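Novice: Let me begin by handing over the structure; questions about it come next.
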Amino acid sequence: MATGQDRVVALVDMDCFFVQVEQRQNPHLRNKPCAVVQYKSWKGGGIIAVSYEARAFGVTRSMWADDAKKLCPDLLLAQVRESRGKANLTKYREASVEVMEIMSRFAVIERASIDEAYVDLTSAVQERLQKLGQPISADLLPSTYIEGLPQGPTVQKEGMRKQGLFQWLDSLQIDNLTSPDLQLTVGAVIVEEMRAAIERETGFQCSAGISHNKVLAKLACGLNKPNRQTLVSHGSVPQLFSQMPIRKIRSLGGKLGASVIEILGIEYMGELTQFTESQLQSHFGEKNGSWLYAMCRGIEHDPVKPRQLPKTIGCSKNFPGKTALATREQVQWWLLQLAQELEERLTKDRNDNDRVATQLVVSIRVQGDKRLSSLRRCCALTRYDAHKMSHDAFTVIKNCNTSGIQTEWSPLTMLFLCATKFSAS
DNA sequence: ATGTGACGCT
DNA sequence: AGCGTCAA
Ligand SMILES: Nc1ccn([C@H]2C[C@H](O)[C@@H](COP(=O)(O)OP(=O)(O)OP(=O)(O)O)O2)c(=O)n1
Ligand SMILES: [Ca+2]
């Protein structure tokens with residue numbers, strides 16, 4: 001029996017992260033229907049983050065502020081810092097590197113997103129079981145939800161959870177330390193603990209998902225939001241997946257999952273457990289078949305990586321519709337500004353992490369082209385110089401102008417510089 | 001006309 | 001090397 005209960009993986013996401021960061025800075029926005037805005041010019045600005053009070057009005061990410069004011073009239077709005085013509089997210093990066101430092105103190109983290117990190121707690125948990133030859137109280141888990149529980153023979157929201165917790169806390173075997181359920185339970189305490197520190201030392205709230213692998217830890221987190229954690233066990237999986245849409249799983253949100261639906265003619269994840277391993281390999285490849293077969297039975301061996309630091313530093317600028325760049329001088333100018341921000345971020349990164357980028361990546365967009373990026377060329381980053389970068393960034397794309405006149409440009413919907421291929425310093 | 005970053009594939 | 005997929 002290849003348990004599928006080898007590791008203990010947690011996943012922590014900050015609840016309406018960007019909003020909180022503003023709410024902490026501006027006290028007047030806390031416990032208020034509010035949102036983070038970007039570029040007031042076009043339609044009051046596009047929304048990139050929504051407080052959960054404003055999520056009651058139906059305000060969502062990717063929506064113009066003017067339109068959201070029609071749903072939530074008294075929607076308080078914070079604005080994003082702007083840098084040389086573009087939005088600047090230095091505040092949330094600096095606010096993110098805060099939380100990572102804290103999660104690091106407990107265990108090794110994989111920076112999935114800016115407000116997310118994965119934690120492999122196998123080592124840490126076992127090193128607690130020896131120091132705790134004794135039961136586990138419910139008071140050590142005041143925000144933990146046991147998925148699937150309760151059931152059988154407690155009316156409102158926190159009325160339950162308690163029962164599901166109690167029903168669970170009885171069933172577990174504190175005697176058997178190899179008991180995977182016991183491990184997750186202990187991890188949840190450890191997760192509860194680090195969460196409390198995050199809120200104490202930053203003032204920020206977050207949800208967490210605890211399970212045996214990364215993908216389940218992900219889904220578990222999003223189950224009970226906000227400021228709650230959810231424990232998904234091996235036993236919760238079959239009953240859970242049977243009603244759980246496939247689109248609601250990492251990687252399966254894309255067109256892969258779309259085909260998987262219409263190819264096999266299904267809806268939920270539990271319906272994959274029928275098909276053999278070789279069948280799913282026959283449709284989606286040896287890699288996907290092996291993965292889907294394991295994952296539909298709640299198994300995934302994609303490991304948590306010691307990667308608290310990114311591998312690519314980049315900044316983008318989009319020029320939608322008639323705002324496209326049709327001169328060499330606009331392009332020359334913007335590439336500079338883009339390279340200017342990239343430089344100070346690089347010199348920053350260097351002074352903190354003691355490392356340097358070596359290869360400059362340039363990427364563009366044209367009009368009448370759907371895909372996010374059309375062309376993309378590497379360079380060679382040797383000097384953190386906002387000019388040498390952009391000048392070379394121009395050089396590696398100077399040819400792209402299809403105009404007979406050199407002063408113009410034929411046009412760009414987007415530009416994207418990216419410093420990568422790092423090296424130790 | 002919403003506006004980074006990681007990874008797989010050829 | 002360049003492009004495609006996926007998600008925050
Ligand atoms: N397409 C996106 C996705 C995220 N973010 C920013 C804003 C988010 O606050 C933060 C993380 O977004 P999440 O998807 O993790 O979810 P939220 O933090 O917005 O709230 P919640 O966790 O309650 O869903 O990164 C963004 O600007 N654009
Ligand atoms: Ca979030």
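Ordered as shown in the structure tokens, chains take letters A, B, and onward, while each chain numbers its residues from 1 and ligands are numbered from 1 in the order shown.
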With a distance threshold of 8 Å and counting only C-alpha atoms (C1' of nucleotides), extract the residues of chain A near chain C and express them as an MDAnalysis selection string.
Specialist: chainID A and resid 113:114 250:251 253:254 376:377
Novice: Kindly save the residues from that selection, with N, CA, C and O atoms included, as a PDB file, in the first residue's frame.
Specialist:
ATOM      1  N   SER A 113       3.391  31.939  -4.632  1.00  0.00           N
ATOM      2  CA  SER A 113       2.999  33.270  -5.068  1.00  0.00           C
ATOM      3  C   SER A 113       3.551  34.325  -4.122  1.00  0.00           C
ATOM      4  O   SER A 113       4.365  34.026  -3.249  1.00  0.00           O
ATOM      5  N   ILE A 114       3.098  35.561  -4.295  1.00  0.00           N
ATOM      6  CA  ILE A 114       3.537  36.657  -3.446  1.00  0.00           C
ATOM      7  C   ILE A 114       2.919  36.534  -2.053  1.00  0.00           C
ATOM      8  O   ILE A 114       3.539  36.907  -1.054  1.00  0.00           O
ATOM      9  N   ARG A 250      -5.452  22.663  -9.180  1.00  0.00           N
ATOM     10  CA  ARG A 250      -4.248  23.210  -9.800  1.00  0.00           C
ATOM     11  C   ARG A 250      -3.873  22.426 -11.055  1.00  0.00           C
ATOM     12  O   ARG A 250      -3.970  21.199 -11.073  1.00  0.00           O
ATOM     13  N   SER A 251      -3.467  23.161 -12.093  1.00  0.00           N
ATOM     14  CA  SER A 251      -3.162  22.641 -13.435  1.00  0.00           C
ATOM     15  C   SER A 251      -4.421  22.298 -14.232  1.00  0.00           C
ATOM     16  O   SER A 251      -4.447  22.454 -15.452  1.00  0.00           O
ATOM     17  N   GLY A 253      -7.225  23.769 -14.214  1.00  0.00           N
ATOM     18  CA  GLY A 253      -8.037  24.934 -14.505  1.00  0.00           C
ATOM     19  C   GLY A 253      -7.868  25.355 -15.951  1.00  0.00           C
ATOM     20  O   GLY A 253      -8.692  26.086 -16.500  1.00  0.00           O
ATOM     21  N   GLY A 254      -6.792  24.880 -16.570  1.00  0.00           N
ATOM     22  CA  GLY A 254      -6.478  25.235 -17.941  1.00  0.00           C
ATOM     23  C   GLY A 254      -7.261  24.439 -18.966  1.00  0.00           C
ATOM     24  O   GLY A 254      -8.308  23.869 -18.659  1.00  0.00           O
ATOM     25  N   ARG A 376      10.070  37.077 -28.111  1.00  0.00           N
ATOM     26  CA  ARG A 376      10.829  37.019 -26.868  1.00  0.00           C
ATOM     27  C   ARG A 376      12.288  36.654 -27.133  1.00  0.00           C
ATOM     28  O   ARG A 376      12.585  35.589 -27.675  1.00  0.00           O
ATOM     29  N   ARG A 377      13.193  37.552 -26.757  1.00  0.00           N
ATOM     30  CA  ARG A 377      14.617  37.372 -27.024  1.00  0.00           C
ATOM     31  C   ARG A 377      15.465  37.553 -25.771  1.00  0.00           C
ATOM     32  O   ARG A 377      15.226  38.460 -24.972  1.00  0.00           O
TER      33      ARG A 377
END
Novice: Find the residues of chain A in contact range of chain B, meaning any atom within 10 Å when counting only C-alpha atoms (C1' of nucleotides), and list them as a PyMOL selection string.
Specialist: chain A and resi 38-39+42-43+45-48+61-64+86-87+112-114+310-323+416+418
Novice: Go ahead and write the residues just picked, N, CA and C atoms, as an mmCIF file, in the first residue's frame.
Specialist:
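Contents of the output file result27.cif:
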data_model
loop_
_atom_site.group_PDB
_atom_site.id
_atom_site.type_symbol
_atom_site.label_atom_id
_atom_site.label_comp_id
_atom_site.auth_asym_id
_atom_site.auth_seq_id
_atom_site.Cartn_x
_atom_site.Cartn_y
_atom_site.Cartn_z
ATOM 1 N N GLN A 38 -6.302 50.400 -9.638
ATOM 2 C CA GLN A 38 -5.149 50.589 -10.505
ATOM 3 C C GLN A 38 -5.500 51.468 -11.708
ATOM 4 N N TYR A 39 -4.812 52.605 -11.826
ATOM 5 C CA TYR A 39 -5.005 53.563 -12.922
ATOM 6 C C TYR A 39 -6.408 54.168 -12.949
ATOM 7 N N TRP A 42 -8.756 55.268 -16.691
ATOM 8 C CA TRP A 42 -9.697 54.448 -17.445
ATOM 9 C C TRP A 42 -10.759 53.823 -16.544
ATOM 10 N N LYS A 43 -11.981 54.338 -16.650
ATOM 11 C CA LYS A 43 -13.145 53.797 -15.950
ATOM 12 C C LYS A 43 -12.950 53.687 -14.438
ATOM 13 N N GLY A 45 -10.507 52.985 -12.773
ATOM 14 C CA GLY A 45 -9.454 52.062 -12.398
ATOM 15 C C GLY A 45 -9.926 50.626 -12.303
ATOM 16 N N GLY A 46 -9.055 49.700 -12.688
ATOM 17 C CA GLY A 46 -9.369 48.287 -12.615
ATOM 18 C C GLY A 46 -9.075 47.719 -11.241
ATOM 19 N N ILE A 47 -9.936 46.816 -10.785
ATOM 20 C CA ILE A 47 -9.804 46.232 -9.456
ATOM 21 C C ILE A 47 -8.936 44.977 -9.476
ATOM 22 N N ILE A 48 -8.001 44.896 -8.534
ATOM 23 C CA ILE A 48 -7.079 43.769 -8.461
ATOM 24 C C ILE A 48 -7.165 43.034 -7.125
ATOM 25 N N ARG A 61 -12.339 40.846 -8.633
ATOM 26 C CA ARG A 61 -11.108 41.156 -9.346
ATOM 27 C C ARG A 61 -11.397 41.234 -10.844
ATOM 28 N N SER A 62 -10.633 42.061 -11.556
ATOM 29 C CA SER A 62 -10.859 42.334 -12.977
ATOM 30 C C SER A 62 -12.222 42.981 -13.189
ATOM 31 N N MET A 63 -12.327 44.243 -12.783
ATOM 32 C CA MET A 63 -13.563 45.006 -12.894
ATOM 33 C C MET A 63 -13.265 46.488 -12.702
ATOM 34 N N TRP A 64 -13.887 47.334 -13.515
ATOM 35 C CA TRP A 64 -13.658 48.771 -13.423
ATOM 36 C C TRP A 64 -14.315 49.348 -12.173
ATOM 37 N N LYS A 86 4.073 53.501 -14.684
ATOM 38 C CA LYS A 86 3.420 52.217 -14.447
ATOM 39 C C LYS A 86 3.133 51.989 -12.970
ATOM 40 N N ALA A 87 2.212 51.071 -12.688
ATOM 41 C CA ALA A 87 1.892 50.701 -11.315
ATOM 42 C C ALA A 87 3.114 50.096 -10.633
ATOM 43 N N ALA A 112 5.272 29.985 -3.713
ATOM 44 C CA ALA A 112 4.396 29.750 -4.852
ATOM 45 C C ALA A 112 3.967 31.076 -5.462
ATOM 46 N N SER A 113 3.391 31.939 -4.632
ATOM 47 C CA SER A 113 2.999 33.270 -5.068
ATOM 48 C C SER A 113 3.551 34.325 -4.122
ATOM 49 N N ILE A 114 3.098 35.561 -4.295
ATOM 50 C CA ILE A 114 3.537 36.657 -3.446
ATOM 51 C C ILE A 114 2.919 36.534 -2.053
ATOM 52 N N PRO A 310 12.774 34.157 -5.743
ATOM 53 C CA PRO A 310 12.407 34.008 -7.156
ATOM 54 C C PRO A 310 13.593 33.679 -8.061
ATOM 55 N N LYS A 311 13.311 33.444 -9.338
ATOM 56 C CA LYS A 311 14.352 33.156 -10.317
ATOM 57 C C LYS A 311 14.345 34.186 -11.439
ATOM 58 N N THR A 312 13.279 34.977 -11.500
ATOM 59 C CA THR A 312 13.133 35.997 -12.532
ATOM 60 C C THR A 312 12.566 37.292 -11.962
ATOM 61 N N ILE A 313 13.268 38.396 -12.190
ATOM 62 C CA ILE A 313 12.747 39.713 -11.842
ATOM 63 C C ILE A 313 12.339 40.442 -13.114
ATOM 64 N N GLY A 314 11.075 40.843 -13.191
ATOM 65 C CA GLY A 314 10.570 41.480 -14.391
ATOM 66 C C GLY A 314 9.473 42.497 -14.159
ATOM 67 N N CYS A 315 9.294 43.377 -15.138
ATOM 68 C CA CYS A 315 8.235 44.376 -15.099
ATOM 69 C C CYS A 315 7.615 44.537 -16.483
ATOM 70 N N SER A 316 6.305 44.756 -16.522
ATOM 71 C CA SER A 316 5.593 44.857 -17.790
ATOM 72 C C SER A 316 4.809 46.159 -17.909
ATOM 73 N N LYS A 317 4.452 46.506 -19.141
ATOM 74 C CA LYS A 317 3.632 47.680 -19.410
ATOM 75 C C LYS A 317 2.784 47.435 -20.650
ATOM 76 N N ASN A 318 1.466 47.468 -20.485
ATOM 77 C CA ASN A 318 0.560 47.194 -21.594
ATOM 78 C C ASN A 318 0.022 48.466 -22.238
ATOM 79 N N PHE A 319 -0.130 48.427 -23.558
ATOM 80 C CA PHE A 319 -0.599 49.580 -24.317
ATOM 81 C C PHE A 319 -1.824 49.212 -25.144
ATOM 82 N N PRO A 320 -2.973 49.043 -24.474
ATOM 83 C CA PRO A 320 -4.199 48.561 -25.113
ATOM 84 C C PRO A 320 -4.765 49.522 -26.141
ATOM 85 N N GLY A 321 -5.392 48.968 -27.172
ATOM 86 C CA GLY A 321 -6.104 49.768 -28.155
ATOM 87 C C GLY A 321 -5.270 50.851 -28.816
ATOM 88 N N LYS A 322 -5.713 52.104 -28.726
ATOM 89 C CA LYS A 322 -5.070 53.178 -29.476
ATOM 90 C C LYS A 322 -3.847 53.748 -28.734
ATOM 91 N N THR A 323 -3.559 53.204 -27.552
ATOM 92 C CA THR A 323 -2.400 53.652 -26.762
ATOM 93 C C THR A 323 -1.108 52.930 -27.138
ATOM 94 N N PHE A 416 7.876 43.820 -22.025
ATOM 95 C CA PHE A 416 8.202 43.087 -20.806
ATOM 96 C C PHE A 416 9.684 42.745 -20.685
ATOM 97 N N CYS A 418 12.797 41.355 -18.402
ATOM 98 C CA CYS A 418 12.912 40.370 -17.335
ATOM 99 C C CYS A 418 14.359 39.959 -17.091
#
Novice: Taking only segment 301-412 of chain A into account, list the residues labelled alpha helix (DSSP H) by DSSP (computed from the backbone), as a CSV table (one decimal) with N, CA and C atoms, in the first residue's frame.
Specialist:
chain,number,residue,atom,x,y,z
A,328,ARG,N,9.9,55.1,-32.8
A,328,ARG,CA,11.1,54.6,-32.2
A,328,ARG,C,11.4,55.3,-30.9
A,329,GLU,N,10.8,56.5,-30.7
A,329,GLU,CA,11.1,57.4,-29.6
A,329,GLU,C,10.3,57.0,-28.4
A,330,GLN,N,9.0,56.6,-28.6
A,330,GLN,CA,8.2,56.1,-27.5
A,330,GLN,C,8.8,54.8,-27.0
A,331,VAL,N,9.2,53.9,-27.9
A,331,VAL,CA,9.8,52.6,-27.5
A,331,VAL,C,11.1,52.8,-26.8
A,332,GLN,N,11.9,53.7,-27.3
A,332,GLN,CA,13.2,54.0,-26.7
A,332,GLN,C,13.0,54.5,-25.3
A,333,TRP,N,12.0,55.4,-25.1
A,333,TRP,CA,11.7,56.0,-23.8
A,333,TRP,C,11.1,55.0,-22.8
A,334,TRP,N,10.1,54.3,-23.2
A,334,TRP,CA,9.5,53.3,-22.3
A,334,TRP,C,10.4,52.2,-21.8
A,335,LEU,N,11.1,51.6,-22.8
A,335,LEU,CA,12.1,50.6,-22.4
A,335,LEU,C,13.1,51.1,-21.4
A,336,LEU,N,13.5,52.3,-21.4
A,336,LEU,CA,14.3,52.9,-20.4
A,336,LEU,C,13.6,52.9,-19.1
A,337,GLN,N,12.4,53.5,-19.0
A,337,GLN,CA,11.7,53.6,-17.8
A,337,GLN,C,11.5,52.2,-17.2
A,338,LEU,N,11.2,51.2,-18.0
A,338,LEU,CA,11.0,49.9,-17.6
A,338,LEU,C,12.3,49.3,-17.1
A,339,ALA,N,13.4,49.7,-17.7
A,339,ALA,CA,14.7,49.2,-17.3
A,339,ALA,C,15.2,50.0,-16.1
A,340,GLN,N,14.7,51.2,-15.9
A,340,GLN,CA,15.0,52.0,-14.7
A,340,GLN,C,14.5,51.3,-13.4
A,341,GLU,N,13.3,50.9,-13.4
A,341,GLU,CA,12.7,50.2,-12.3
A,341,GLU,C,13.4,48.9,-12.0
A,342,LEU,N,13.6,48.1,-13.1
A,342,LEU,CA,14.3,46.8,-13.1
A,342,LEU,C,15.6,46.9,-12.4
A,343,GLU,N,16.4,48.0,-12.7
A,343,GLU,CA,17.7,48.2,-12.1
A,343,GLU,C,17.7,48.3,-10.6
A,344,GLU,N,16.9,49.2,-10.1
A,344,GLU,CA,16.8,49.4,-8.6
A,344,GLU,C,16.3,48.2,-7.9
A,345,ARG,N,15.5,47.4,-8.6
A,345,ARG,CA,15.0,46.1,-8.0
A,345,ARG,C,16.1,45.1,-8.0
A,346,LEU,N,17.0,45.2,-9.0
A,346,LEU,CA,18.1,44.2,-9.1
A,346,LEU,C,19.2,44.6,-8.1
A,347,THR,N,19.6,45.8,-8.0
A,347,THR,CA,20.6,46.3,-7.0
A,347,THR,C,20.1,46.0,-5.6
A,348,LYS,N,18.8,46.1,-5.5
A,348,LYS,CA,18.1,45.8,-4.2
A,348,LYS,C,18.3,44.3,-3.9
A,349,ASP,N,17.7,43.5,-4.7
A,349,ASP,CA,17.9,42.0,-4.7
A,349,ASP,C,19.3,41.6,-4.4
A,350,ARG,N,20.2,42.1,-5.1
A,350,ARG,CA,21.7,41.9,-4.9
A,350,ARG,C,22.1,42.1,-3.4
A,351,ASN,N,21.8,43.3,-2.9
A,351,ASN,CA,22.2,43.7,-1.6
A,351,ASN,C,21.5,42.9,-0.5
A,352,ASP,N,20.4,42.3,-0.8
A,352,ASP,CA,19.7,41.4,0.2
A,352,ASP,C,20.2,40.0,0.1
A,353,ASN,N,20.1,39.5,-1.1
A,353,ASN,CA,20.2,38.0,-1.4
A,353,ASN,C,21.6,37.6,-1.8
A,386,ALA,N,20.4,51.1,-16.1
A,386,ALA,CA,19.1,51.3,-16.7
A,386,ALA,C,19.2,51.6,-18.2
A,387,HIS,N,20.3,52.1,-18.6
A,387,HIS,CA,20.5,52.5,-20.0
A,387,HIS,C,21.0,51.3,-20.8
A,388,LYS,N,22.1,50.8,-20.4
A,388,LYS,CA,22.7,49.6,-21.1
A,388,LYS,C,21.7,48.5,-21.3
A,389,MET,N,20.8,48.3,-20.3
A,389,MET,CA,19.8,47.3,-20.4
A,389,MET,C,18.8,47.6,-21.5
A,390,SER,N,18.2,48.8,-21.4
A,390,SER,CA,17.2,49.3,-22.4
A,390,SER,C,17.8,49.4,-23.8
A,391,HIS,N,19.0,50.0,-23.8
A,391,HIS,CA,19.7,50.1,-25.1
A,391,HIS,C,19.9,48.8,-25.8
A,392,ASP,N,20.3,47.8,-25.0
A,392,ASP,CA,20.5,46.4,-25.5
A,392,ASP,C,19.1,45.8,-25.8
A,393,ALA,N,18.1,46.2,-24.9
A,393,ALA,CA,16.7,45.7,-25.1
A,393,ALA,C,16.2,46.2,-26.4
A,394,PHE,N,16.6,47.4,-26.7
A,394,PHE,CA,16.2,48.0,-28.0
A,394,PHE,C,16.9,47.3,-29.1
A,395,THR,N,18.2,47.1,-29.0
A,395,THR,CA,19.1,46.5,-29.9
A,395,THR,C,18.6,45.1,-30.4
Novice: Give the residues close to ligand 1, within 8 Å, counting only C-alpha atoms (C1' of nucleotides) and all ligand atoms; write them as a PyMOL selection string.
Specialist: (chain A and resi 13-19+48-52+61-62+113-116+206-207+222+225-226) or (chain C and resi 8)
Novice: Quick check for you: according to DSSP on this backbone, which residues of segment 218-266 of chain A are classed as strand (DSSP E or B)? Reply as a ChimeraX atom specification.
Specialist: /A:229-231,245
